[PDB]
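*Asks:* This is the structure I have questions about; it appears just below.
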Amino acid sequence: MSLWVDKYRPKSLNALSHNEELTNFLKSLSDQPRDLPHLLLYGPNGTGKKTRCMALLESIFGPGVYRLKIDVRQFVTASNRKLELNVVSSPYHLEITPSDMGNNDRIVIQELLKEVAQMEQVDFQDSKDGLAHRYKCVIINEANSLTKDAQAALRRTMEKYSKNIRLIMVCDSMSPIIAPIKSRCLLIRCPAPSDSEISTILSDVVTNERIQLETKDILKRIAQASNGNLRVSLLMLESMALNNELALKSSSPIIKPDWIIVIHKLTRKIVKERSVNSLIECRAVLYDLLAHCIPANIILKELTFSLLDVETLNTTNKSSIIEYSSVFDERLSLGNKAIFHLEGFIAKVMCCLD
Amino acid sequence: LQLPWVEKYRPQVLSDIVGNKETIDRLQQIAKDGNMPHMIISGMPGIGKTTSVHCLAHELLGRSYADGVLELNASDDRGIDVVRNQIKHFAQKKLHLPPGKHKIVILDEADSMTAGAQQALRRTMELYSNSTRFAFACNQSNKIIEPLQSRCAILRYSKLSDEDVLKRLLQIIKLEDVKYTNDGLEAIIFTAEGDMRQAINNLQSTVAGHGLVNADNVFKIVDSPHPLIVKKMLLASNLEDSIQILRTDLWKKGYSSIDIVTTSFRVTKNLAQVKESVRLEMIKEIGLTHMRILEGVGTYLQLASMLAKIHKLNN
Amino acid sequence: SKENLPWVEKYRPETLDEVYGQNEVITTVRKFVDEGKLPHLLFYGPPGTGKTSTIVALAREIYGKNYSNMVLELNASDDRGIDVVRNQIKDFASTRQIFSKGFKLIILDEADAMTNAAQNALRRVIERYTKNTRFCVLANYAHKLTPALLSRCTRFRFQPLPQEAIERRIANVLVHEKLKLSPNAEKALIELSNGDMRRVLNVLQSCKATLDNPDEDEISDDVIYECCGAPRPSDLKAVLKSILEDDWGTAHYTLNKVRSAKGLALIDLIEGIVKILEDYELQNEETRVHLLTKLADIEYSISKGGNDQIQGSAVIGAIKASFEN
Amino acid sequence: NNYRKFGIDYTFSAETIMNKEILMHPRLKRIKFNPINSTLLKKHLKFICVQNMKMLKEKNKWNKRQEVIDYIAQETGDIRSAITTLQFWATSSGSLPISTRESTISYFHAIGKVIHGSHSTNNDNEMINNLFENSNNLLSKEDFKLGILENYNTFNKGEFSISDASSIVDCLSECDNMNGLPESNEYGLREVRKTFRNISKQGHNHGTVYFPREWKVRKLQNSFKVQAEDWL
DNA sequence: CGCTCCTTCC
DNA sequence: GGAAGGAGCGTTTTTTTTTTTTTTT
Ligand SMILES: Nc1ncnc2c1ncn2[C@@H]1O[C@H](COP(=O)(O)OP(=O)(O)OP(O)(O)=S)[C@@H](O)[C@H]1O
Ligand SMILES: Nc1ncnc2c1ncn2[C@@H]1O[C@H](COP(=O)(O)OP(=O)(O)OP(O)(O)=S)[C@@H](O)[C@H]1O
Ligand SMILES: Nc1ncnc2c1ncn2[C@@H]1O[C@H](COP(=O)(O)OP(=O)(O)O)[C@@H](O)[C@H]1O
Ligand SMILES: [Mg+2]
Ligand SMILES: [Mg+2]
């Protein structure tokens, strides 16, 4: 069947079970949705932002928002480069991820979204006389990944055509969002669930799946290992249950993403040996990680925080590590090729440790 | 109307060309001998490359210059089709010339020729070298593809010395009956920076402006070359001196910040006195300032900060 | 029709006598046309110094009032690729005059926007047809021009407008309009002009608009500052004094009050303070280095937006640390 | 007039003219030629001079033939260019600076020059200036910085201090943030050359130079994207 | 340009 | 039996706009 992440996905505002204040605020937003402003939900990845957006859409329109189909929209660049984008559509709303088009994301904003904003939605009234108009809802996934040009192109589209369109953007951090876009949106903070709420959800799933649990401490350990990511918590719960014949025990290992263990091994190697050859081996590991399309900034963050957890290191080493991490994160943001900056960070760490 | 002196006094014969004495003597030898090979002429602007090639062709072909010379430059169509048809037909033409004389194809500014046309020229040169010879003129000899360079004798022109510029300037003054002073000619030569076209243009401008070519009269219109000012600014031992030069001599005179930074990079590339580490650090600072200027912050404050960073590098 | 035009275009010089601040260049070109020996020209200079006006006036003087028939003008708003150079410019330069009116004129305004290929193609066009045609190039950035093109042209530098020329032009505008300007207002206008006549004319038009009764009201420096929203010299002096003498809290409060009084922008205050400090007598040279570097960094950061209060605190701290040396 | 950044517009070679299928076809044999070495070129120039002994002796240049031949053989591996230069020198009664056609250096040759330096030139600034003047196409391309980054460890087979490697990589990272300006490339190459010269010693054994592996990573990323789309 | 295995030359 | 000299190695390749050439029509 479907993965437990999607199997037990809440489908309504009243079905939510953590961050009750956010649920109440969302319900207040849906009281009079006629004048609903553009929304920008920001929060840690995997906390349930898309789920809450879908719940709000369901409250405004109904369960039909969850009936989703996929279409392919074709775009042509100036150089005639033909490419395609996936548009997820429901009878009441549309879903797009322009960042999938990289530097061409702006085209998606200039051609597709604008057109959607320009075409007023009207329909014959079933009972009353005359047409009826309803604004279209559009969701922009990974808003923080948009290039500055696409964000600039969004401005007048949001303003002029507010009657026909209402945007709901979702992001993990607002730092890459340009100030004009933040000015045009209602900002909604989405806190991560606490360990207790994650454990409660996992225990509910366990009860539903008839999985024998030795003690509830296993769920707490899984929640701790997930670092507040409920999706990861559910995925590891399913993996552990399947690998243990649906009978979890305190001795059952906790499965973590493979790249995370790889980064931990890289950190251990960096701490142990510091030399040019060690740096070349670390570069090989970094290139292997990048081959799997892991973002460079995520790699840098994971490596930095893995290094900071090493007990043998002292305060000065950790301070130098965080300094270098900040500098090279800025370099990555302003750079073109990530390998230079990751290798430079590792070299600086090796110099400071030795 | 009266032509400008640059075009009015363009030499007609090789004997009137000054500078690169060995090169001009070799060209005269070729002209009086006849067996001209494929040749490439490279050098900086305004030193006589076009004049030298045209004079050589004229002297070689005599009355047959009209029917024995095919001239093409960047202002004409010079694509692959032109090589396929016009140059090919000219090279195929059977022309009766004095013994040791050949048809000449002058390709001025040959560096700008497209890759396809240059590749096509290989077969033309291979097939029609018996009766046709090619004289390429360019500023960067490396911009001609190696297969073509392999068939040609290279000839690099050096920048003209002050002595030859003064000699030809005196000849022009004698022809024009221009009143002058020694300091004025020295100022003209200093401002010319080895480019004789600029020297003649500045001499004509000064003669018109006041009639008498004095240093003060020369500097009223012509300005000292800004690269030297930039070098003086960079080599100043005190930050205050560098800032004063930047303000008075460059900024207050209307020089744009982008021009200033580009000239600073070019000058720093050739600073022999400075050490390599200091030079590369200065290049880095200049590049950072250039990046800031390109983004739109072309302010005097940014140039002052660049100078301060360079002075820090010196210390 | 001229009344409806903006002052920047309404007061465009029509004759070479109306171009001020370029006495040497103007005299040279006037005498060149008098002797009919115009060479290929290059006019290099910063914005709003009179290059386009000067060249158009020279064309008018040469060809009277029918210059449009024998002058080919091209600028950045037109396409000027290599094909254009090969066909249009070449055909115009290689054709006879309309009525044998001496030589033809080709004006390439804003030639620094042309491509390298087009400039390279222009060399032999300029050289071959010098007898029948003369070229005029105008530029603000010389680094965009190829060395050959620079070598082919006689160079003339348009300096930033001197104060006296600006005063004479302002007097002409004031007599034209029914406007009165105070000496302090004129001094402030010249100071903020930075040698650009366009800025002077635009600010004067805005000041006239600001007057409730321009028929009798006189423009004061306060009117100029209001129209431009720029800081007064007193505000800059007070801010610098507070930064260099008072404590952090007092300096922060003073900066906030001075900015909130008239909604001043931080970049304007930074520029004014930099100008003031450029004349300061510093006994320690490292102070100048730190001031320049930190203030340039703050200006660059401001150019990209950011947090205004943090930037102001950064300016205060940078000045204090620099002067603590 | 080109302003195009395709493979063929940068280099005219078998790889850019042919494709992988043709080159790797079992029925196609490829043989690579090298520049003519000094021995053969000297022999052939000597033969040509001997054939023209009468005129050379008459013009008095015969006695100096060797002095130029060894120069020409030392300057180029192009037989046609060498013969043309010899003819030009001989036919000239005066004295001129003998010169042949310029020869571009290969990618690995440029990497070696940047890392270890040049035997002929002892001044690093002159070498860098000449390299940029005559090899701008190769140096400007973004793969040269990758090659430097992936091959700087070959020095002494990676037996130098981690500080020098850190300095080199930090400089490359800073250059990557300069929007591809010429100053960035100049700064990077100069930093690498100066760092390697500061530690140059007679008793050093160097490693093998290799091409950067970025293209493999790009291919793996494309395969991953296809698989991810299939899963989606 | 440096390392690595093959002749060539005296 | 030592040099010195030389060969083979060390490789692959789209993308933003803007401009330009080429080819077929
Ligand atoms: N050596 C020289 N002797 C006398 N006059 C010279 C000399 N070099 C340049 N001139 C003058 O400058 C004019 C232009 O000379 P050219 O030979 O066309 O310049 P150039 O060397 O071809 O520069 P480029 O490459 O075309 S920009 C001539 O007509 C002369 O008036
Ligand atoms: N020397 C001057 N004398 C009088 N008015 C001037 C002068 N220079 C500029 N102006 C005024 O400013 C306006 C613009 O002058 P322009 O000559 O077009 O500027 P510019 O020198 O061409 O600067 P660029 O290069 O086009 S930005 C003119 O119409 C005049 O009103
Ligand atoms: N209140 C909740 N109760 C149960 N599961 C939840 C709740 N909120 C979120 N989840 C789970 O979290 C998972 C990921 O949430 P999602 O909205 O994709 O995170 P993101 O904010 O990164 O988009 C979903 O599969 C969903 O089942
Ligand atoms: Mg020429
Ligand atoms: Mg203008």
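Ordering of the structure tokens sets the chain letters (A, B, ...), residue numbers begin anew at 1 in every chain, and ligands are numbered from 1 in the order given.
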Taking only C-alpha atoms (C1' of nucleotides) and all ligand atoms and a cut-off of 6 Å, can you tell me which residues surround ligand 1, written as a ChimeraX atom specification?

*Replies:* /B:6-7,9-10,17-19,45-51,139,196-197 /C:148

*Asks:* With a distance threshold of 10 Å and counting only C-alpha atoms, extract the residues of chain C near chain D and express them as number ranges by chain.

*Replies:* C: 81-82, 115-118

*Asks:* Suppose we keep N, CA, C and O atoms; can you now write the selection as an mmCIF file, in the first residue's frame?

*Replies:*
```cif
data_model
loop_
_atom_site.group_PDB
_atom_site.id
_atom_site.type_symbol
_atom_site.label_atom_id
_atom_site.label_comp_id
_atom_site.auth_asym_id
_atom_site.auth_seq_id
_atom_site.Cartn_x
_atom_site.Cartn_y
_atom_site.Cartn_z
ATOM 1 N N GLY C 81 25.172 46.817 -35.627
ATOM 2 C CA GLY C 81 25.999 45.644 -35.787
ATOM 3 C C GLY C 81 26.892 45.756 -37.008
ATOM 4 O O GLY C 81 26.901 46.749 -37.736
ATOM 5 N N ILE C 82 27.669 44.695 -37.234
ATOM 6 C CA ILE C 82 28.621 44.705 -38.340
ATOM 7 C C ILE C 82 27.896 44.831 -39.673
ATOM 8 O O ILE C 82 28.406 45.460 -40.606
ATOM 9 N N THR C 115 29.664 46.903 -30.740
ATOM 10 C CA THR C 115 30.414 45.665 -30.593
ATOM 11 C C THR C 115 31.817 45.810 -31.177
ATOM 12 O O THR C 115 32.106 46.712 -31.968
ATOM 13 N N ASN C 116 32.697 44.890 -30.773
ATOM 14 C CA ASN C 116 34.072 44.917 -31.261
ATOM 15 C C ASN C 116 34.129 44.689 -32.767
ATOM 16 O O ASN C 116 34.932 45.319 -33.465
ATOM 17 N N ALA C 117 33.291 43.788 -33.284
ATOM 18 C CA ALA C 117 33.305 43.506 -34.716
ATOM 19 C C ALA C 117 32.930 44.740 -35.530
ATOM 20 O O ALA C 117 33.570 45.043 -36.544
ATOM 21 N N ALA C 118 31.892 45.464 -35.103
ATOM 22 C CA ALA C 118 31.489 46.669 -35.820
ATOM 23 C C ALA C 118 32.582 47.730 -35.771
ATOM 24 O O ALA C 118 32.874 48.384 -36.782
#
```

*Asks:* Just want the 10 Å neighbourhood of stretch 69-83 of chain A, counted on only C-alpha atoms (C1' of nucleotides), with same-chain residues fewer than 5 positions away dropped. Output as a ChimeraX atom specification.

*Replies:* /A:88-91,94-95,101,104,107-108,111-112 /F:14-17

*Asks:* Would you export the selected residues with C-alpha atoms (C1' of nucleotides) as a PDB file, in the first residue's frame, please?

*Replies:*
```pdb
ATOM      1  CA  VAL A  88      -0.052  19.403 -10.608  1.00  0.00           C
ATOM      2  CA  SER A  89      -3.670  20.535 -10.866  1.00  0.00           C
ATOM      3  CA  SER A  90      -6.888  20.040  -8.922  1.00  0.00           C
ATOM      4  CA  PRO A  91     -10.350  21.431  -9.782  1.00  0.00           C
ATOM      5  CA  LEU A  94      -2.684  24.438  -9.124  1.00  0.00           C
ATOM      6  CA  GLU A  95       0.732  23.300  -7.887  1.00  0.00           C
ATOM      7  CA  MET A 101      13.743  24.579 -14.270  1.00  0.00           C
ATOM      8  CA  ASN A 104      14.862  29.160 -16.497  1.00  0.00           C
ATOM      9  CA  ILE A 107      10.255  31.873 -17.787  1.00  0.00           C
ATOM     10  CA  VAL A 108       7.680  29.827 -15.871  1.00  0.00           C
ATOM     11  CA  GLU A 111       4.563  32.832 -19.307  1.00  0.00           C
ATOM     12  CA  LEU A 112       2.596  30.261 -17.301  1.00  0.00           C
TER      13      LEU A 112
ATOM     14  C1'  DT F  14      25.521  23.616 -24.043  1.00  0.00           C
ATOM     15  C1'  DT F  15      22.735  27.064 -22.937  1.00  0.00           C
ATOM     16  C1'  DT F  16      21.674  33.557 -20.378  1.00  0.00           C
ATOM     17  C1'  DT F  17      21.689  37.134 -23.523  1.00  0.00           C
TER      18       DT F  17
END
```

*Asks:* From the options F:5, F:10, F:25, F:18, which residue's atoms come nearest to chain A, counting only C-alpha atoms (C1' of nucleotides)?

*Replies:* F:18

*Asks:* What does the list of residues within 8 Å of ligand 5 look like if you count only C-alpha atoms (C1' of nucleotides) and all ligand atoms, written as a PyMOL selection string?

*Replies:* chain C and resi 47-48+50-53+109-110+138

*Asks:* Grab the residues selected above and save them as a PDB file, in the first residue's frame with C-alpha atoms.

*Replies:*
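Writing the result to result_18.pdb gives the following:
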```pdb
ATOM      1  CA  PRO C  47      27.291  62.478 -18.433  1.00  0.00           C
ATOM      2  CA  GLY C  48      25.722  65.850 -19.137  1.00  0.00           C
ATOM      3  CA  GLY C  50      27.643  68.953 -23.588  1.00  0.00           C
ATOM      4  CA  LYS C  51      29.056  66.389 -26.037  1.00  0.00           C
ATOM      5  CA  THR C  52      25.837  65.709 -27.959  1.00  0.00           C
ATOM      6  CA  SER C  53      24.853  69.379 -27.775  1.00  0.00           C
ATOM      7  CA  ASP C 109      26.733  58.820 -30.344  1.00  0.00           C
ATOM      8  CA  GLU C 110      27.361  56.456 -27.427  1.00  0.00           C
ATOM      9  CA  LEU C 138      31.077  60.227 -28.465  1.00  0.00           C
TER      10      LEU C 138
END
```

*Asks:* Chain D residues within 10 Å of chain F, counting only C-alpha atoms (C1' of nucleotides): which ones, as a PyMOL selection string?

*Replies:* chain D and resi 1-8+15-16+34+37-39+107-109+143+208-216

*Asks:* As an exercise, work out the distance from atom CA of residue B:187 to atom CA of residue B:166 in Å and give it to one decimal place.

*Replies:*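 Answer for the atom CA of residue B:187 to atom CA of residue B:166 separation: 10.9 Å.
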
*Asks:* Neighbours of ligand 3 within 7 Å, counting only C-alpha atoms (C1' of nucleotides) and all ligand atoms, as a list in words?

*Replies:*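 After applying the 7 Å limit, what remains is residues 5, 6, 8, 9, 10, 15, 16, 17, 18, 43, 44, 45, 46, 47, 48, 49, 50, 51, 52, 201, 230 and 231 of chain A.
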
*Asks:* Around ligand 2, out to 8 Å and counting only C-alpha atoms (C1' of nucleotides) and all ligand atoms, which residues are there? I want them as a tab-separated table (two decimals) with N, CA and C atoms, in the first residue's frame.

*Replies:*
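See result-v4.tsv below for the written result:
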```tsv
chain	number	residue	atom	x	y	z
C	7	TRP	N	12.91	71.01	-18.86
C	7	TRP	CA	13.96	72.03	-18.92
C	7	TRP	C	15.26	71.47	-19.48
C	8	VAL	N	15.53	70.18	-19.27
C	8	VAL	CA	16.77	69.59	-19.78
C	8	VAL	C	16.80	69.65	-21.30
C	9	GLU	N	15.65	69.48	-21.94
C	9	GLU	CA	15.57	69.58	-23.40
C	9	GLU	C	15.20	70.98	-23.86
C	10	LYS	N	14.45	71.74	-23.05
C	10	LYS	CA	14.06	73.08	-23.45
C	10	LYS	C	15.26	74.01	-23.58
C	11	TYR	N	16.31	73.78	-22.79
C	11	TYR	CA	17.48	74.65	-22.76
C	11	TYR	C	18.69	74.01	-23.44
C	12	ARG	N	18.45	73.10	-24.38
C	12	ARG	CA	19.55	72.50	-25.12
C	12	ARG	C	20.22	73.56	-25.99
C	13	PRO	N	21.54	73.71	-25.94
C	13	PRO	CA	22.20	74.72	-26.78
C	13	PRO	C	21.90	74.50	-28.25
C	18	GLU	N	26.40	78.92	-27.06
C	18	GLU	CA	25.63	78.58	-25.87
C	18	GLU	C	26.25	77.45	-25.06
C	19	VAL	N	27.31	76.82	-25.56
C	19	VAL	CA	27.98	75.73	-24.84
C	19	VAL	C	29.05	76.34	-23.95
C	20	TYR	N	28.91	76.16	-22.64
C	20	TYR	CA	29.81	76.74	-21.66
C	20	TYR	C	30.66	75.65	-21.02
C	21	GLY	N	31.77	76.08	-20.41
C	21	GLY	CA	32.63	75.20	-19.66
C	21	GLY	C	33.59	74.37	-20.49
C	22	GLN	N	33.62	74.56	-21.81
C	22	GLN	CA	34.49	73.81	-22.71
C	22	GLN	C	35.18	74.76	-23.68
C	45	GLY	N	33.82	62.05	-22.26
C	45	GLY	CA	33.47	62.74	-21.04
C	45	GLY	C	32.33	62.13	-20.25
C	46	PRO	N	32.13	62.64	-19.04
C	46	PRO	CA	31.08	62.11	-18.17
C	46	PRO	C	29.71	62.65	-18.56
C	47	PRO	N	28.64	62.12	-17.98
C	47	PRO	CA	27.29	62.48	-18.43
C	47	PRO	C	27.00	63.96	-18.28
C	48	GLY	N	26.24	64.49	-19.24
C	48	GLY	CA	25.72	65.85	-19.14
C	48	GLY	C	26.78	66.94	-19.14
C	49	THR	N	27.78	66.82	-20.01
C	49	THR	CA	28.81	67.84	-20.14
C	49	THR	C	28.73	68.62	-21.44
C	50	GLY	N	27.86	68.23	-22.36
C	50	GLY	CA	27.64	68.95	-23.59
C	50	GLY	C	28.22	68.33	-24.84
C	51	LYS	N	28.48	67.02	-24.85
C	51	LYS	CA	29.06	66.39	-26.04
C	51	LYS	C	28.05	66.34	-27.18
C	52	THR	N	26.87	65.77	-26.93
C	52	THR	CA	25.84	65.71	-27.96
C	52	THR	C	25.41	67.11	-28.40
C	53	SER	N	25.22	68.01	-27.44
C	53	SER	CA	24.85	69.38	-27.77
C	53	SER	C	25.93	70.03	-28.62
C	54	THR	N	27.20	69.85	-28.25
C	54	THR	CA	28.29	70.46	-29.00
C	54	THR	C	28.34	69.93	-30.43
C	109	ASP	N	26.93	58.50	-31.75
C	109	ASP	CA	26.73	58.82	-30.34
C	109	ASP	C	26.71	57.54	-29.52
C	110	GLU	N	27.31	57.61	-28.33
C	110	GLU	CA	27.36	56.46	-27.43
C	110	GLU	C	28.01	55.26	-28.11
C	138	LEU	N	31.32	59.69	-29.80
C	138	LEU	CA	31.08	60.23	-28.47
C	138	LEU	C	31.07	59.08	-27.47
C	139	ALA	N	31.68	59.29	-26.30
C	139	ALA	CA	31.82	58.21	-25.35
C	139	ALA	C	31.94	58.73	-23.92
C	140	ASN	N	31.49	57.90	-22.98
C	140	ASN	CA	31.75	58.08	-21.56
C	140	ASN	C	32.77	57.10	-21.01
C	158	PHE	N	35.79	66.39	-22.49
C	158	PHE	CA	34.81	67.29	-21.88
C	158	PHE	C	34.92	67.15	-20.37
C	161	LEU	N	31.66	70.27	-15.54
C	161	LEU	CA	31.37	71.68	-15.76
C	161	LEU	C	31.98	72.53	-14.64
C	165	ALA	N	30.68	78.46	-15.35
C	165	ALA	CA	29.77	78.13	-16.45
C	165	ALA	C	28.39	77.77	-15.93
C	166	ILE	N	28.33	77.02	-14.83
C	166	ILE	CA	27.04	76.66	-14.24
C	166	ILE	C	26.32	77.91	-13.76
C	169	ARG	N	24.89	79.72	-16.83
C	169	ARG	CA	23.72	79.03	-17.36
C	169	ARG	C	22.52	79.20	-16.43
C	196	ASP	N	27.31	68.25	-13.57
C	196	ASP	CA	26.31	67.78	-14.52
C	196	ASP	C	25.23	68.83	-14.65
C	197	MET	N	25.05	69.35	-15.87
C	197	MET	CA	24.05	70.40	-16.09
C	197	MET	C	22.63	69.83	-16.06
C	198	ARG	N	22.46	68.57	-16.46
C	198	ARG	CA	21.14	67.96	-16.41
C	198	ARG	C	20.57	67.97	-15.00
C	201	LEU	N	19.43	71.51	-14.08
C	201	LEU	CA	18.17	71.90	-14.71
C	201	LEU	C	16.99	71.17	-14.08
```

*Asks:* Give me, as a VMD selection string, the contact residues of chain C against chain B at a cut-off of 6 Å, counting only C-alpha atoms.

*Replies:* chain C and resid 28 37 39 45 to 46 86 121 143 148 151 154 159 to 160 289 292 to 293 296

*Asks:* Can you tell me, as a list in words, what residues are no more than 7 Å from stretch 120-135 of chain B when counting only C-alpha atoms (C1' of nucleotides), ignoring any on the same chain fewer than 6 positions away?

*Replies:*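 These residues fall inside the cut-off: residues 37, 38, 39, 40, 80, 83, 88, 91, 102, 103, 104, 105, 106, 107 and 148 of chain B.
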
*Asks:* Once you count only C-alpha atoms, which residues of chain D turn out to be within 12 Å of chain A? Could you give them as a ChimeraX atom specification?

*Replies:* /D:142-143,145-180,212-229,232

*Asks:* Rounded to one decimal place, report the atom CA of residue C:103-atom CA of residue C:57 distance in Å.

*Replies:*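 Atom CA of residue C:57 lies at a distance of 16.5 Å from atom CA of residue C:103.
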
*Asks:* Would you kindly report the residues of chain C within 12 Å of chain A, using only C-alpha atoms, as a list in words?

*Replies:* residues 304, 305, 306 and 307 of chain C

*Asks:* Using DSSP on the backbone, list every residue of stretch 126-248 of chain B that comes out as alpha helix (DSSP H), and give them as a VMD selection string.

*Replies:* chain B and resid 126 to 127 146 to 149 162 to 176 182 to 192 196 to 210 215 to 221 226 to 235 239 to 245

*Asks:* Please report the interatomic distance between atom CA of residue A:136 and atom CA of residue A:163 in Å with one decimal.

*Replies:*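 Answer for the atom CA of residue A:136 to atom CA of residue A:163 separation: 8.9 Å.
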